[PDB]
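Novice: The structure that follows is given in the form of structure tokens.
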Amino acid sequence: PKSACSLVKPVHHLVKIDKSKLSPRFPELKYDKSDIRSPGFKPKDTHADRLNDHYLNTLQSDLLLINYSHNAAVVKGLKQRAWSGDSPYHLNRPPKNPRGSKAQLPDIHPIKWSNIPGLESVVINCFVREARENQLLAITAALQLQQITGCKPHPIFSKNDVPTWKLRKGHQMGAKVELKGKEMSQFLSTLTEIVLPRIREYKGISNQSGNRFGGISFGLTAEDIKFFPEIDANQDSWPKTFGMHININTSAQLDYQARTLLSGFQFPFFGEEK
Amino acid sequence: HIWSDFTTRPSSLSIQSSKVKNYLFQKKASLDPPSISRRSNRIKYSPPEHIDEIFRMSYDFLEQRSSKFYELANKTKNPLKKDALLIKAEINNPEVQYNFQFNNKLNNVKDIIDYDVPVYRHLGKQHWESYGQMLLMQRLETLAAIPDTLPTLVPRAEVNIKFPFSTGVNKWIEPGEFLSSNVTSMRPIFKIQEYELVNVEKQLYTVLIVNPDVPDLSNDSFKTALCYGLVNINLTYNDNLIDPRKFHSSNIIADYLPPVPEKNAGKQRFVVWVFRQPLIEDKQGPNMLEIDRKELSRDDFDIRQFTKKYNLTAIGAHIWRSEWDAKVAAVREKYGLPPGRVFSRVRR
Amino acid sequence: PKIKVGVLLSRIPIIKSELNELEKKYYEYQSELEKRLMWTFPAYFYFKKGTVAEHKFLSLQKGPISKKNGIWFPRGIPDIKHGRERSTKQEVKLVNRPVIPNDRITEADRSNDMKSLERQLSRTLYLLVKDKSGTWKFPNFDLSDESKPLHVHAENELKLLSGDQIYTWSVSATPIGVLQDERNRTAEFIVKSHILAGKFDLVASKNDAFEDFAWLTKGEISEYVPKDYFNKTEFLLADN
Amino acid sequence: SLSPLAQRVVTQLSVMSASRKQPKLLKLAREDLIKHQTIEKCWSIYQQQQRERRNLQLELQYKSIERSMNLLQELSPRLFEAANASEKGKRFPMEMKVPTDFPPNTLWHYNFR
Amino acid sequence: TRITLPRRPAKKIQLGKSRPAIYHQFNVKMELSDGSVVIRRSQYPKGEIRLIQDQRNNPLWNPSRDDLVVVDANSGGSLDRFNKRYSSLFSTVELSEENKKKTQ
RNA sequence: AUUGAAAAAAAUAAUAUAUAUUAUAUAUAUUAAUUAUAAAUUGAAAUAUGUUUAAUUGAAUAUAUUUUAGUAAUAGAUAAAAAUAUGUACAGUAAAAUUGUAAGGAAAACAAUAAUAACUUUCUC
């Protein structure tokens, strides 16, 4: 190679060129995944969704009313500070970090008819630490996820080398899955309706849980996983079962709004709130 | 049921094949798809279950929406709004979609795809923008046809070119393609398809083919030559194939001279530009313009000055490429041109 | 102007909403597409070798047609893997008394009882009351103490009215709407709330503003209530 | 040579895998493709109208909230402050359950506490 | 020391030929403690199931109800035998006899 | 072509046949496959003459031939776990820190963390 010097030549027109349409290659990837001609086609709306219908029919209006605040205004977040131009050395100086944080934080807008909180995704994390010695437990965990949820699990691979825990790097330690729409609706419905009621001593979810910008996380143990219908039906095929974390990601601007939304979906809360 | 009506709606908004019409609008799944010609394959085929009644209901829904759009269109006055509402009314028609998707869009048949109809015009615009326009712009930019000849281009018409008289074979030239001297010896024919609202009864077009690569030894550089030029040409949405049938000698400001590159003179680019003339109001009849033929250079051309002086706006373009071969001498002799020059192999 | 506190009590749907014919047909069509593009059932994992369950499942199932040389198959040579013909959908048939679902239509439905809290298990009901005149309207209350908030006043008034037979939860302290007047120079503030358990059962017999009650949905409210009142209060009511 | 645990997990990952379980590609005639296109366009338009109707209802409700708040602010500041008091810790009643697709034996409960 | 099953050469799934994963599921009916039934998608070949302990009979999810009976699995373990074994004592007499101890 | 059934069609592309051009083009025809590849007495299917059986039919037995089961990860132009360190074409953006989450703790794995004025298509008052 004569040189390593990236440089994009400017154009003389405003027409946007996508070369995937000019290449005769990959004819079947030109169709959208929603197009019946695409091999990636998968029917989406096969049946009505009770949880979504309930949220659209009842909870949107109630949440709007509850979160209404008169003459509210946007609360801007911690952003990068700017150097005052009292010294020449400030001319090309990069901006300063936010006051309390090394990362910028989002602004909080008043709740209005267009931005009511709602569920956007659910992610299940299953990290079998005992899979460090046995790689097959990862496959078992993936099957547990597939049976509980119905979606394709994705493997989790070790990234750090910690000797005290005897954790190497590049090995399969478990599985994950992300849920949206009817599938997450079903997963949450079955959780609340079957599994959580069958836990020994269950008070709810901690009121001091969740990332500070919307999203609530809580865990389940192996005995708790045994309550799901699929496992109970064929106990024989489940000598061992694994726990997992559950992360519910919503549109809530702050965590307490998400807590109210989940309580609407019947998720109990026990601790004292921040 | 406005889509079943054809008192005022053009007849092209319907599938001209009775078999396919009946199958698409069938009541029970008793017929078979006309697309599958072989009976064997027809028996093998099995349509998705519960598809005709859902189709009937979706048809009814879309047809009610189209009826509302027609209601508002019959009352709108501005031609742009009228055309937009017509497009929105007929865009979702299964018959229109069938016709456009599965019939020719270049050599269109008036009774299937009529470009006098806003919906067909809009669907054609979308189809062109999907693939054809992007390729044209890529070829122009990469081969440096834009800055060399004209500052920019905002494509608004599809231009296709062909060389039917030279050899006898039929082929639309891909932009940027290399053509033999024999292929490009005789004359090109154009096809300028317009997709916007333009007054067919007043608008006139010009076409200039230029070569911005003819060497010039006075300053050790290149220069531009006007290969071909036509002015005062009128088109129609469905009859827009320019050929010696559709123009006179008064339209010709520079008769066609062929691509005749010189040996080791490099790969020459022949670029086609289509402009539309000014459209004066308060006057009846097309506004024809007279070209100053004693000022036209024809060998030291300046296209930017030409278009600026005659107030022309480009709407379409095309391009091909040429290089020396054995038939160049024969073409020179046939056209009465002097013997070609021969340049060195090295650029020093 | 004099302040007044109105309340609308809502009963939420108890069962999933009904589907319009378009929704039903779309869902069945998509379900058949899914079945057509559906994977083979891995019975080799859900039924172990040589077990009675496996035997009975196999007996229930009907096998496909295998390809055999010397025969003509007009629909195409069979292509089977794991017991399914890949060119078509695959149909699998399957204190222990069978599940008998409950009817979605109730005795209140058939008897057209306008007061029972079962007249529509899938719709949303709203409490309406009749004044001295012939104008149905949402319950309203007067107040002069002003030592209590609007929603608390509404809840206590409803409790006293029903005579300790209604359980009501206030969605929020914020009023949801206002109705102004000029003749009587009154401003009436509405508050939203839901019914959780109990029965309304108008009690007071000394001729309060309330005469007769009903639990109507949006359409019946449109049919009962005055047109202007409906235009002024319609958006506060849920479609389903 | 494999262990019975190996066979069990291979069966589990067989249930994972798509090998020897998917049917043939769905190839539709041109007419049925057009039918399907019309179905999807109808459904998309319908869902957009439903979403916009809900959005309009919420817009109107929010307008009502703000009008009522202005009126109450100018009429009685005490009640306005009581209303504007935050509900940060609010939770929904635990029997406001999501609707199911067939009703229960006891439709409604007429006694409490 | 770790045990793993070997990786076979992965079959190449070309660009555009990659199909989605639609596992086989059944429209199974699920009965709660009350008479309510929910339709759901399950991969187990069991079209019908009923639950003995679930949301509809849990105090935390059912605060308003006055009376709420609880139950566990039957025909398993020695449950309820601590009552079946003693028939002489039966249900308020014991409550009265548990009045006080009179110890200090 | 046969095979449940009374003029023929008018697109991109692919395949078969053929011939125009010192032009990888045109005409007619059709619309296949797209997760597969040896080796299985033993699991499961479909195919005949007795059969019991009611014109059938049927369900069950016996054999000949064939089919399925070798059950194996990526289903995404995958994107900062480990594996191909040289070419080309297409495409994307890391890292720390903070807040949470079963075992989980300083340290394992997942999720969240800057702003939408302007421009389009669609829906809607």
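Scheme for the structure tokens: letters A, B, ... for chains in order shown; per-chain residue numbers from 1; ligand numbers from 1 in order shown.
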Give me the chain F side of the contact with chain A, cut-off 6 Å, one line per residue showing its nearest atom pair and distance in Å at one decimal, counting only C-alpha atoms (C1' of nucleotides), sorted by chain and residue number, as CSV.

Specialist:
residue,atom,partner,partner_atom,distance
F:81,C1',A:170,CA,4.6
F:82,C1',A:170,CA,4.3
F:97,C1',A:102,CA,5.7
F:99,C1',A:211,CA,4.5
F:100,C1',A:210,CA,4.4
F:101,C1',A:217,CA,5.0
F:102,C1',A:219,CA,5.0
F:109,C1',A:127,CA,5.6
F:110,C1',A:125,CA,5.2
F:112,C1',A:211,CA,5.8
F:113,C1',A:105,CA,5.8
F:114,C1',A:104,CA,5.9

Novice: Report as a ChimeraX atom specification the set of chain E residues whose atoms approach chain F to within 9 Å, with distances computed over only C-alpha atoms (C1' of nucleotides).

Specialist: /E:6-8,10-13,15-21

Novice: What lies within 10 Å of residue 234 in chain A using only C-alpha atoms (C1' of nucleotides), ignoring chain neighbours under 6 positions off, as a VMD selection string?

Specialist: (chain C and resid 46 to 47) or (chain E and resid 44)

Novice: Write out, as a PDB file, in the first residue's frame, the residues just selected, with N, CA and C atoms.

Specialist:
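So the final result, stored in part_32.pdb, reads:
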ATOM      1  N   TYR C  46     -39.084 -33.062  23.979  1.00  0.00           N
ATOM      2  CA  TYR C  46     -40.214 -33.011  24.892  1.00  0.00           C
ATOM      3  C   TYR C  46     -40.812 -34.379  25.182  1.00  0.00           C
ATOM      4  N   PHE C  47     -40.370 -35.426  24.489  1.00  0.00           N
ATOM      5  CA  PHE C  47     -40.845 -36.783  24.746  1.00  0.00           C
ATOM      6  C   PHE C  47     -39.658 -37.726  24.630  1.00  0.00           C
TER       7      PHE C  47
ATOM      8  N   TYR E  44     -44.112 -25.750  25.287  1.00  0.00           N
ATOM      9  CA  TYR E  44     -44.396 -27.087  25.784  1.00  0.00           C
ATOM     10  C   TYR E  44     -45.647 -27.645  25.107  1.00  0.00           C
TER      11      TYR E  44
END

Novice: Please report, as JSON lines, each residue of chain C lying at most 12 Å from chain E, together with the nearest pair of atoms and the separation in Å rounded to one decimal; use only C-alpha atoms, and order rows by chain and ascending residue number.

Specialist:
{"residue": "C:14", "atom": "CA", "partner": "E:36", "partner_atom": "CA", "distance": 10.2}
{"residue": "C:15", "atom": "CA", "partner": "E:36", "partner_atom": "CA", "distance": 9.1}
{"residue": "C:16", "atom": "CA", "partner": "E:38", "partner_atom": "CA", "distance": 9.7}
{"residue": "C:31", "atom": "CA", "partner": "E:27", "partner_atom": "CA", "distance": 10.8}
{"residue": "C:33", "atom": "CA", "partner": "E:22", "partner_atom": "CA", "distance": 11.3}
{"residue": "C:34", "atom": "CA", "partner": "E:22", "partner_atom": "CA", "distance": 7.9}
{"residue": "C:35", "atom": "CA", "partner": "E:24", "partner_atom": "CA", "distance": 8.5}
{"residue": "C:36", "atom": "CA", "partner": "E:22", "partner_atom": "CA", "distance": 10.4}
{"residue": "C:37", "atom": "CA", "partner": "E:22", "partner_atom": "CA", "distance": 7.4}
{"residue": "C:38", "atom": "CA", "partner": "E:22", "partner_atom": "CA", "distance": 5.5}
{"residue": "C:39", "atom": "CA", "partner": "E:23", "partner_atom": "CA", "distance": 5.4}
{"residue": "C:40", "atom": "CA", "partner": "E:24", "partner_atom": "CA", "distance": 6.5}
{"residue": "C:41", "atom": "CA", "partner": "E:24", "partner_atom": "CA", "distance": 5.5}
{"residue": "C:42", "atom": "CA", "partner": "E:24", "partner_atom": "CA", "distance": 8.2}
{"residue": "C:43", "atom": "CA", "partner": "E:45", "partner_atom": "CA", "distance": 8.6}
{"residue": "C:44", "atom": "CA", "partner": "E:45", "partner_atom": "CA", "distance": 11.8}
{"residue": "C:45", "atom": "CA", "partner": "E:44", "partner_atom": "CA", "distance": 10.1}
{"residue": "C:46", "atom": "CA", "partner": "E:44", "partner_atom": "CA", "distance": 7.3}
{"residue": "C:47", "atom": "CA", "partner": "E:45", "partner_atom": "CA", "distance": 9.5}
{"residue": "C:53", "atom": "CA", "partner": "E:45", "partner_atom": "CA", "distance": 10.9}
{"residue": "C:54", "atom": "CA", "partner": "E:45", "partner_atom": "CA", "distance": 11.3}
{"residue": "C:57", "atom": "CA", "partner": "E:45", "partner_atom": "CA", "distance": 9.5}
{"residue": "C:89", "atom": "CA", "partner": "E:24", "partner_atom": "CA", "distance": 11.1}
{"residue": "C:90", "atom": "CA", "partner": "E:24", "partner_atom": "CA", "distance": 9.7}
{"residue": "C:91", "atom": "CA", "partner": "E:26", "partner_atom": "CA", "distance": 10.6}
{"residue": "C:92", "atom": "CA", "partner": "E:45", "partner_atom": "CA", "distance": 8.8}
{"residue": "C:93", "atom": "CA", "partner": "E:45", "partner_atom": "CA", "distance": 8.9}
{"residue": "C:94", "atom": "CA", "partner": "E:45", "partner_atom": "CA", "distance": 6.9}
{"residue": "C:95", "atom": "CA", "partner": "E:50", "partner_atom": "CA", "distance": 9.3}
{"residue": "C:96", "atom": "CA", "partner": "E:50", "partner_atom": "CA", "distance": 8.5}
{"residue": "C:97", "atom": "CA", "partner": "E:50", "partner_atom": "CA", "distance": 9.6}
{"residue": "C:98", "atom": "CA", "partner": "E:48", "partner_atom": "CA", "distance": 7.7}
{"residue": "C:99", "atom": "CA", "partner": "E:48", "partner_atom": "CA", "distance": 6.9}
{"residue": "C:100", "atom": "CA", "partner": "E:35", "partner_atom": "CA", "distance": 8.9}
{"residue": "C:101", "atom": "CA", "partner": "E:37", "partner_atom": "CA", "distance": 6.7}
{"residue": "C:102", "atom": "CA", "partner": "E:35", "partner_atom": "CA", "distance": 7.1}
{"residue": "C:103", "atom": "CA", "partner": "E:36", "partner_atom": "CA", "distance": 10.5}
{"residue": "C:104", "atom": "CA", "partner": "E:36", "partner_atom": "CA", "distance": 10.8}
{"residue": "C:167", "atom": "CA", "partner": "E:64", "partner_atom": "CA", "distance": 9.3}
{"residue": "C:168", "atom": "CA", "partner": "E:64", "partner_atom": "CA", "distance": 11.5}
{"residue": "C:196", "atom": "CA", "partner": "E:64", "partner_atom": "CA", "distance": 8.7}
{"residue": "C:197", "atom": "CA", "partner": "E:64", "partner_atom": "CA", "distance": 8.1}
{"residue": "C:198", "atom": "CA", "partner": "E:64", "partner_atom": "CA", "distance": 10.7}

Novice: Can you tell me, as a ChimeraX atom specification, what residues are no more than 7 Å from range 58-67 of chain A when counting only C-alpha atoms (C1' of nucleotides), ignoring any on the same chain fewer than 6 positions away?

Specialist: /A:111-113,116 /C:171-172,174 /D:58,87

Novice: Would you mind telling me which residue in E:73, E:2, E:104, E:40 lies nearest to chain D when using only C-alpha atoms?

Specialist: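 With only C-alpha atoms as the atom set, the closest residue is E:40.
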